[PDB]
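Examining the three-dimensional arrangement
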Amino acid sequence: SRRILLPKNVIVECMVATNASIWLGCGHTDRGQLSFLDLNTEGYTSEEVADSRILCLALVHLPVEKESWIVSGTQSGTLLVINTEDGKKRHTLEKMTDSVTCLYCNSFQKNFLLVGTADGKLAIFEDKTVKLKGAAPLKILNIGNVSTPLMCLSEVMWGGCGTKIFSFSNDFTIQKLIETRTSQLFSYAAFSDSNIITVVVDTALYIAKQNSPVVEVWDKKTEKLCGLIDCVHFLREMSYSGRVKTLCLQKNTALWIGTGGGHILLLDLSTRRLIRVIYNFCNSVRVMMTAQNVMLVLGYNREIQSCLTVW
Amino acid sequence: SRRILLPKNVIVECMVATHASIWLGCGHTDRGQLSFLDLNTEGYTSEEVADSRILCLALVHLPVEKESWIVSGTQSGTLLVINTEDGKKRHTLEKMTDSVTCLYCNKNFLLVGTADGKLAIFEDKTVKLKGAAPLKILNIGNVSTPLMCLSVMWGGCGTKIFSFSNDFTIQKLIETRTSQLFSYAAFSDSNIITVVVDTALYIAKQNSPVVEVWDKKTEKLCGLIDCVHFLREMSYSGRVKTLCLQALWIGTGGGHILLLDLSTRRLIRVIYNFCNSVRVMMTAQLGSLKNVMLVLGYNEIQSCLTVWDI
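Cut-offs applied
Residues numbered from 1 in each chain as written, not as in the entry; some residues may be left out. Chains lettered and ligands numbered in written order. Heavy atoms only, no water. Helix = DSSP H or I, 4+ residues; strand = E, 2+ residues; numbered from the N terminus. Buried < 20%, exposed > 50% of the residue type's maximum accessible area, 1.4 Å probe, protein only. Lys, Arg positive; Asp, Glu negative; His and termini not counted. Charge placed at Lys NZ, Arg CZ, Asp CG, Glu CD. Rg over C-alpha atoms; globule rule 2.2 N^0.38 Å. Areas by Shrake-Rupley, 256 points an atom, 1.4 Å probe, with all protein chains shown as cover. Core = buried A, V, L, I, M, F, W, Y, C linked by side-chain atoms within 4.5 Å. Contact = heavy atoms within 4.5 Å. Pairing = 2+ DSSP bridges. Buried area = accessible area lost by both parts, 1.4 Å probe. Polar contact = N/O pair within 3.5 Å; in protein donor to acceptor, adjacent residues only side chain to side chain. Salt bridge = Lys/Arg side-chain N within 4 Å of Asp/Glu carboxyl O. Axes fitted to C-alpha atoms, helices over the stretch in contact; angles between N-to-C directions. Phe/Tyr/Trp six-rings, centres within 6.5 Å; stacked < 30°, edge-to-face > 60°. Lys NZ or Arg CZ within 6 Å of the ring centre and 35° of its normal.

Going by the header, the method for this PDB entry is X-ray crystallography, and the resolution given is 2.700 Å.

Here it is in structure tokens:
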């Protein structure tokens, strides 16, 4: 477990891992700046590659043809594809009608690039088609509207659009559509009327909402509330907001929760709840993800100092 | 609405009103101290009447024979009955096997819940007889599940809600620990301290900021009210101490009082820092057509009784 300090005032919007290194989208700038961080040497390099802020990143790897492409989704809707080995090899896919708010690589075996936009749409690209300039998506799913951003995808595929959880499979048709805005069992109603920010898929669906300390648990079959995890009460065992910022699952049993503060919770998902709790791990946990085995946690302190902890 | 300051360092464990004045059990003392407060003159008098702390009060009124008796249940299990008009008329009913933790007036009956999970029933008249035995004793729980609230009659024993109507059968027996799946597990694993019955059951648990709402028929959770989250619209504990129906009043461990709607579970009113700690909140009839709201709080201790009309 070591901490890697990023250059001062660097803000990280998005992050993807691959001498291990990571690609970063920068949020301290209104244009599209792509950064590269060597985890072994802690070296940081960046380049302006697009006209609008890079919101989300995805790494498309082609085992045949031996090529890795880094895909940047931007605030203007542009999908910029850049070659990992030769930066002079870069092009743009079809422009989205709104900002790109989600990038996921799925596999069905066929691999795909799923592109969620801010106007509630989900564009699907095939593995190979990412190499082609001006490439069009195989299909576009109109799941929401301009007011329901599609912000998270997890793996059948589950996703969050506004206050709705959606599911889709091979044919890319929306099978399950679950409205989470209403439930009589809600400990508090105002938290549940927020956009879903993250979805982790285990035996049940564990979702988090914007500016909400309550992780909701919904059932895949019955499409109803399974349970509630109130981070405020777990933290208090006292002025913590408990606002959930990120969810990360372990091998099978454990769930990491990064809160608005620097607090990280580790709960068991089988018969009890609380395993571990680290207070003031940073000032604010922003991103938490697994990579290949390894745990990456991006937090920031505030001038702004972003840090990447890894164990 | 007017507030009456009790003498300094007086602690009120239990409370019952009559017509206006109130009877108080004192908690600042290890023996059984009964106090009397005139709501018109704010005059306070007290007397040591028992050997152990008076935990509960009940006022048995007999319309025929025209007699009012004040019954005190104590920490040793003693049930002391005293005449309202003549204090020299006092006696003791059958000793309970453990401390008396609940006294309710319900043909009229006196229900006596104890700390070892038992409920003794006395008839209206039998309260006048020295050493009188109860009509029946229901063993609902055990030494570890005290019976602490009564409100058909519903009651709370440990983490279980029980029901009974004609005194010889426990009708409903509902385990409320099952709500571990929602909001918080440690809060739901606590003894029920108060129960209010309107259409669903609104229960509160010891050291819990979550008022649970259960269904009478399906015997399952209807909803949850988290006082911490309602108060935050910041270090408030939100620990519920008292529930009252009017709308639902909630007095918290702090000095905070919430007034929520039932049909819609929406927030009507919120009074912050009403005192340092709300302890009791109840309705009383101070005379003919006189419905009144009494709130006992405390603030080195200063207990106060706020009183307003409904």
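1. Description of the overall build of chain A
Counting its secondary structure elements, chain A contains two helices and 28 strands. Its C-alpha atoms put chain A at 55 × 45 × 35 Å along the principal axes. Here chain A holds 311 residues, and 56% of them are scored as buried. Charge separation in chain A, taken as the distance between the mean sites of 32 positive and 28 negative side-chain charges, equals 3 Å.

2. Digging into the overall build of chain B
Secondary structure assignment for chain B yields two helices and 28 strands. A compact globule built from 310 residues should have a C-alpha radius of gyration of about 19 Å, and chain B, at 19 Å, falls within 12% of that. In terms of principal-axis extent, the alpha carbons of chain B reach across some 55 × 45 × 35 Å. Classification of the 310 residues of chain B by burial places 55% in the buried group. As displayed, chain B offers around 13700 Å² of accessible surface, 48% of which is attributable to carbon and sulfur atoms. Where the 31 positive side-chain charges of chain B centre and where its 28 negative ones centre are 2 Å apart.

3. Things to note about the nonpolar core
The biggest cluster of nonpolar side chains holds 67 residues, and the ones touching the most others in it are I257 of chain A together with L243 and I250 of chain B. Residue contacts for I257 of chain A: discarding those within four places in its chain leaves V215, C231, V244, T246, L247, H263, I264, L265 and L267 of chain A.

4. Here we look at the side chain of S183 of chain B
In this fold, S183 of chain B is placed in the loop between β17 (173–175) and α1 (185–188). Those residues within four positions of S183 of chain B in sequence are excluded, and the remaining contacts are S187, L228, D230 and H233 of chain A together with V210, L224 and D226 of chain B.

5. Things to note about the pairing of strand β21 (residues 225–230) of chain A
Residues and elements named next belong to chain A. In terms of burial, β21 is largely enclosed, as five of its six residues are buried. Sheet analysis places strand β20 (residues 214–218) next to β21, joined by five bridges and oriented antiparallel. From the neighbouring strand, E216 faces β21, where its bridge partner is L228. Where β20 hands over to β21, the hairpin turn is made up of six residues, of which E223 adopts a positive phi near 60°.

6. Regarding the interface of chain B and chain A
Tallying the contact residues gives 25 residues for chain B and 23 residues for chain A. Roughly 2000 Å² is buried in total at the junction of chain B and chain A, and carbon and sulfur atoms are behind 53% of that figure. On the chain B side of the interface with chain A, the three residues burying the most area are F182, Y184 and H229 of chain B, jointly 31% of the side's total. At the junction of chain B and chain A, the tally comes to 10 residue pairs in polar contact. Within the residue set of the side of chain B that touches chain A, elements represented by two or more residues are α1, β21 (221–226) and α2 (227–231) of chain B.

7. Details of the pattern of salt bridges
All names here are of chain A. Going through the model one piece at a time under the given rule, you end up with 19 salt bridges over all chains. The partner of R2 in a salt bridge is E42, and the shortest N-O contact between them spans 2.8 Å. Given the relative accessible area of 35%, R2 is considered partly exposed. Assessed through its relative accessible area of 39%, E42 is described here as partly exposed.

8. Some points on the sheet that holds strand β4 (residues 32–38) of chain B
Residue and element names in this part refer to chain B. What the four strands build is an open sheet, ordered β2-β3-β4-β5; its pairing is antiparallel. The outermost strands of the open sheet, each flanked by one partner alone, are β2 (12–18) and β5 (44–50). For this sheet, the mean inter-axis angle between neighbouring strands, taken without regard to orientation, is 25°.

9. Considering the packing of aromatic side chains
Working definition: an aromatic ring pair is given by the centre-to-centre distance plus the angle between the planes. Residue and element names in this part refer to chain A. The final tally for this structure, using the stated rule, is 19 aromatic pairs over all chains. Through successive ring pairs, a cluster of aromatic residues spans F108, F112, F166, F168 and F172. Against the face of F281 rests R3, its NZ or CZ located 5.6 Å from the ring centre.

10. Brief notes about the sheet that holds β21 of chain A
Residues and elements named next belong to chain A. Strand order in the open sheet formed by four strands is β18-β19-β20-β21, with antiparallel pairing between adjacent strands. Strands with a single pairing partner mark the edges of an open sheet, and in this sheet they are β18 (196–201) and β21. Each strand axis lies, on average, 20° off the axis of its neighbour in the sheet, ignoring direction. Note: β18 against strand β19 (residues 205–209), five bridges, orientation antiparallel. Bridge pairing in β19 places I196 opposite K209.

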